[PDB]
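Given as structure tokens, the chain that follows is alone and in the form deposited in one PDB entry.
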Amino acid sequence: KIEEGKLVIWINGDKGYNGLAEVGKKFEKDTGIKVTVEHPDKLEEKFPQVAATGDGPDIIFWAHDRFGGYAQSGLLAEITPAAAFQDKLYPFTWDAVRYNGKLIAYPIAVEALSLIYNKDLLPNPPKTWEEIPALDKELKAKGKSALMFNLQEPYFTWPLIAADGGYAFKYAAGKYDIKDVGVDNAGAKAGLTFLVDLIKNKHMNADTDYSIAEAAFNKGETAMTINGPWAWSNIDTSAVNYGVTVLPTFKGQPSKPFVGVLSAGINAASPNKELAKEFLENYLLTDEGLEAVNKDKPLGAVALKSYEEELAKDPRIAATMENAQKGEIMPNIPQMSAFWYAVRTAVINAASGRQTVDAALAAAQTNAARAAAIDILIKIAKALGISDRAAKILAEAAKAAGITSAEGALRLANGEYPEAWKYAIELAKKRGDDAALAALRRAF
């Protein structure tokens, strides 16, 4: 299924994969194992299916939070680097890749939202959200505005709501607690309230999305935007001369973006686990390799201390890592999908004036722990007409398959995840559910 004596690597198509392919070059020269790099479309959702049968690639590169679901189905191999090699990377990245107390992948790069400003409009951008309304009065006198960032997706509006003490789920003892949710507390109500007052006072407009904000910045009609390093590309294309820096504080406390950690995991069914560990530890993660990748396409901030030091000479990248350490690791537990669907709603209806900030954080807080992909899937099966018990068996098989996201549920409900449907069939036979075995066999 997976060839022994050969390394196969999946990484997304927006990373530089010819750099990774060059690390593969020298690894072939010295060892004699051949490294095959490919960039499947939607690899992230193919892996949990194909690895469940034991085939697939050796190493998968992706964001750290998607690795929660992979690991919980045991799809990723467990890595045991020495403390000597562990000190070569930033500790918080390690805590990004720890599932259940085991490290399920190697951290590679780091990314978070930052504050981006137009140097010609605003040589000295502000340190606090509170400065922004008055700065926007000034720039409106020149026909411009202070700030435009995407208001529709809570990934972007979250850091302000987090600054004064909102959070997704309490994280301590290296462990998240889904009974502690930070949506209704005074901090989140303060941040969201500030955002809503910003909109009431016409400094920002509730309909601004990623695209509108991007266009306005790169035409130079606005002084500041909030965005991540993926955006930098298009800004370089434009005539705007920009800089990147720390996000504003709110009520004295720094804004907290969620941090993605680009990470390399190893297929638990991979025949080459030792080879892979050698290639990633001693070949990819070094200044040589990280640079090969980086100048194929830039990784932004990286987890390897030695190379991040020399990369932070570019103030944008040091600004991204600083914003990252001020922020929080994106959680890899499933319930956060629910959290997003909740907060999205809460922002949009507060921003648009359809709910007060209180009412809407109350609603939102109730829905945050609910692991919504599962009840999506079950509502879908009930919609087909399938029985409760059959829905729940398919749900069991879903959790066991590591399905945390709505898309996953609809991929299953459409006939994908073969071993998931199977395993639901096995559970049906085991307990003698003939009606559920039939409904499942027919739905599949």
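Numbering starts at 1 and follows the sequence shown.
Just so it is clear, the following notes concern the form deposited in another entry, a form of the same protein that is not shown.
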item: Two-part rigid split between the shown form and the other one: residue 249, residue 51 together; value: no
item: Sense of the change in Cα distance from residue 70 to residue 342 in that other deposited form - at least 3 Å versus the shown form; value: closer
item: Direction of the Cα shift between residue 82 and residue 322 in that other deposited form, where the change is 3 Å or more; value: farther
